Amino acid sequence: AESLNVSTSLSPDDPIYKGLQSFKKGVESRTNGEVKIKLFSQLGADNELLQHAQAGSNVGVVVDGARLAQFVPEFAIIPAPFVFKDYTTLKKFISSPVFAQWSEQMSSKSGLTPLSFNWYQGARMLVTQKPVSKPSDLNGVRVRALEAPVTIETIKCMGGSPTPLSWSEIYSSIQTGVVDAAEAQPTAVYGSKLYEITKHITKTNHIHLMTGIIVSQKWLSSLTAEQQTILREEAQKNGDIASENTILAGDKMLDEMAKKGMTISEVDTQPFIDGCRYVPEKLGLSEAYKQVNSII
């Protein structure tokens, strides 16, 4: 018998979690139970789990490019601002040979491998008290940030002032005037109940959130060829399902907030794009950015 333990951080009602459930169902069905998938809320922080996975653990985690940059630094471009014009363009890049090269490098040099990297978690948008049609509308606006260079530079390049604080504290920070605004994907805006205390969502879609199920190469290679391909086939197939469900949920959450008094607006992104073109270079990610652009 064999098994994979997936450490998760999402609510069981999230599309990504239900996708992991579909993934479990697929794998266990096709192997008649010889490979079992366990989903945990318990196992440890992502960074310590990844070290264990390097050593051969049968533990997995759903993580993004920023977390994998420590193994292959190119990965850090995926969450950078205004790299991908839309979701399908993002998919085109993830499926390309350049990305395949980065994954091969992680597998062969760092002993970690994505079963797939198409678990989409949304597009980040602006949540504000006032309308935003152009970057100068954010001058003087304090936007919640995070102690990471990409996030900080994203807020700056878009025109706001980055104000780091824990996401678990975003509602009280807005309510008490520590910060004016936030920057996040719809399920998080909705999940934190921000529609209670803000008035505008602007669809800048400035960052795309792409993740995958990352596992030990040593563990995966210890399984049979048939078990390996089932795992990889099912991860990709179910990542696509979860992705569509994320988008579906996102749209409906936005609709629900508009019906709770919020205004949701599209925006001409071109000025934001031009204002953020320096970011990859400032962050030292030019090589990665140039390889992405060779594709898209």
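One-based numbering along the sequence shown.
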item	value
Residue 41 to residue 42: deposited residues without atomic coordinates	1 to 3
85-93 versus 169-177 - greater average Cα B-factor per the deposited record	169-177
Stretch with the higher entry mean CA B-factor, where the candidates are 239-247 and 55-63	55-63
Highest recorded Cα temperature factor - choice among 193, 199, 134, 203	134
Criterion, highest CA B-factor; candidates, 79, 122, 159, 212	159
Third of the chain, ranked by Cα B-factor, where residue 144 sits	middle
Modelled-residue ranking by C-alpha temperature factor, third containing residue 23	lowest
Ranked C-alpha temperature factor of residue 37 among modelled chain residues, by third	middle
Among modelled residues of the same chain, the CA temperature factor third for residue 111	highest
Residue 104 CA temperature factor, ranked by third within the chain	middle
